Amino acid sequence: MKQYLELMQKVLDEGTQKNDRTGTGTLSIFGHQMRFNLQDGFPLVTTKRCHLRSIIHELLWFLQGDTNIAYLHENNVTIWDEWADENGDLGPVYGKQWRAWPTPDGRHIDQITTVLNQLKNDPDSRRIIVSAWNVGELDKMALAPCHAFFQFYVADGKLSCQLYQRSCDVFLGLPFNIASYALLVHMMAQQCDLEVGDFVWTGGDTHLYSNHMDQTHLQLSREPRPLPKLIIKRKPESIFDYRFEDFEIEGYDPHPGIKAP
């Protein structure tokens, strides 16, 4: 995607050399923003084939509030395997905070249910937010939230969403992360009888890993293709009732997939 490729090139040109906690190098920049008008097409990177199957299953899993990889395992999604403990647990990552953020008195807050009611009853609210950044639970998580905070906004019948991503793996994670939130906007818009607006992506520490440099160079030598079109084939009873088969991508014409360590 044009904006995605411009970001890759900016990291290459301006990124500073850093040594992460694993001793793996990265080139990194701080602070970047991109905007995708969802009426122009579904923002699935075309300069490498991206498998939407894992993107969809991960999002559905987040929305169920599940933090055990069993469901991902039942569907051959392995992206979370290395973080899980022997029991397949990740601690209270993403999904748990989205659906049952724990309060000190023993209660839980369902941010997704709150957002859906805010969209339906108070669409001009300036606080239609979901935060996965539960400071009090970070130590229990396998990974502190990278795509950490997001906000919805409604104008002229269109639903937009902005994500604050505190740590971004540009080559491997970003393509996935953009598609995930774009999909969520389509699902929320459908459930609230709205059209799709923009997906605004904001990055904090935004980096390319040193072992993704050959892959990045290959990807940047390719020209982007017109974006695909997302089709939802069935309108479920709620935002929590989607299934994998409800989504179809049409007109997706990517360059060959690119493997990275």
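Throughout, rigid core stands for the largest set of C-alpha atoms superposing within 1.5 Å between the two forms. From 1 onward, residues are counted along the sequence shown.
- Across the superposed structures in 4 other deposited structures of this protein, aligned by the core, the stretch whose Cα atoms lie more distant on average is 99-107, chosen from 99-107 and 161-169.
- Rigid core fits of the other structures in 4 other deposited structures of this protein place the C-alpha atoms of one stretch farther away on average; of 54-62 and 209-217, that stretch is 209-217.
- Once the C-alpha B-factors are averaged per stretch, 163-171 and 100-108 rank with 100-108 first.
- Looking at mean Cα B-factors across 191-199 and 66-74, the upper value is held by 66-74.
- Of the candidates 229, 57, 35, 32, the deposited coordinates give 229 the top C-alpha B factor.
- Going by the entry's values, 88 shows the largest Cα B-factor out of 88, 91, 145, 123.
- Residue 220: CA B factor in the middle third of modelled residues in this chain (values from the PDB entry).
- Split the chain's modelled residues into thirds by C-alpha temperature factor. Residue 214 is in the middle one.
- In this PDB entry, residue 141 carries a Cα temperature factor that places it within the middle third of its chain's modelled residues.
- Residue 207: CA B factor lies in the lowest third for its chain, per the PDB record.
- The deposited CA B-factor of residue 260 belongs to the highest third of values across its chain.
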